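J.: Sequence and experimental coordinates follow.
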Amino acid sequence: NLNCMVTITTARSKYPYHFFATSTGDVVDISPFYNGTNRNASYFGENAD
Amino acid sequence: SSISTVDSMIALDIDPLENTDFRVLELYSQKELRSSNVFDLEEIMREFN
Ligand SMILES: *[C@@H]1O[C@H](CO)[C@@H](O[C@@H]2O[C@H](CO)[C@@H](O[C@@H]3O[C@H](CO)[C@@H](O)[C@H](O)[C@@H]3O)[C@H](O)[C@H]2NC(C)=O)[C@H](O)[C@H]1NC(C)=O
Ligand SMILES: *[C@@H]1O[C@H](CO)[C@@H](O[C@@H]2O[C@H](CO)[C@@H](O)[C@H](O)[C@H]2NC(C)=O)[C@H](O)[C@H]1NC(C)=O
């Protein structure tokens, strides 16, 4: 049985905003404000591919 | 009684120190203290449940 889902949760990040954390424990090492042209001023450490 | 008098008293009226009811100052409310965390334990446990 195959079921696809779309969960919409809330994630929180603290200053310096170098990682956020959804309510389900998805710790992501990406700055919530990294727009792809400001890597020098915002962290990004997850998989590049 | 118009010959006048002499006010030889040297005034030393020292005002009493006024009373001060100190406030119980609160910088951050409990809501902000609970919301100042990347991870909340209650949310994690509720999602696990
Ligand atoms: C991705 O986000 C970065 C910041 O993390 C953006 O860089 C910043 O973009 C703003 C908006 O254009 C720039 O402000 C501009 O500055 C000049 C004065 O120098 C003025 O002419 C404009 O009115 C405007 O306010 C800002 O300088 C720039 N850099 C920094 C370090 O903040 C970037 O634009 C974002 N990229 C995308 C594609 O959204
Ligand atoms: C990338 O960011 C770093 C710090 O996040 C910037 O380094 C600063 O550069 C300014 C101007 O040269 C210095 O006054 C600061 O002392 C530097 N800080 C640190 C921590 O090194 C760097 O300039 C940024 N690169 C850009 C915007 O191209």
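T.: The structure has been received and is ready for your questions. Numbers count the residues shown, from 1 in each chain, chains lettered A, B, ... in the order given. Ligands and ions are numbered 1, 2, ... in the order given.
J.: contacts for the longest helix anywhere in chain B?
T.: For chain B, the longest helix by residue count, based on DSSP state H, is helix B:41-48. Residues from elsewhere that reach helix B:41-48 (CB atoms under 8 Å, 6 or more residues apart in numbering or on different chains): A:23, A:24, A:25. Quick note: C-beta positions are derived from backbone N, CA and C, even for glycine.
J.: In contact with the last one, which residues?
T.: Residues in contact with residue A:25 (CB under 8 Å, 6+ apart) are B:39, B:44, B:47.
J.: what's the neighbour count on the residue in chain B positioned nearest to ligand 1?
T.: With CB to the nearest ligand atom, the shortest gap between chain B and ligand 1 falls at residue B:38, namely 20.8 Å. Per other CB atoms under 10 Å in any protein chain shown, the neighbour tally for residue B:38 reads 12.
J.: Run through the residues of chain A sitting next to ligand 1.
T.: Chain A comes close to ligand 1 at residues A:35, A:37, A:38, A:41, as judged by CB under 6 Å from any ligand atom.
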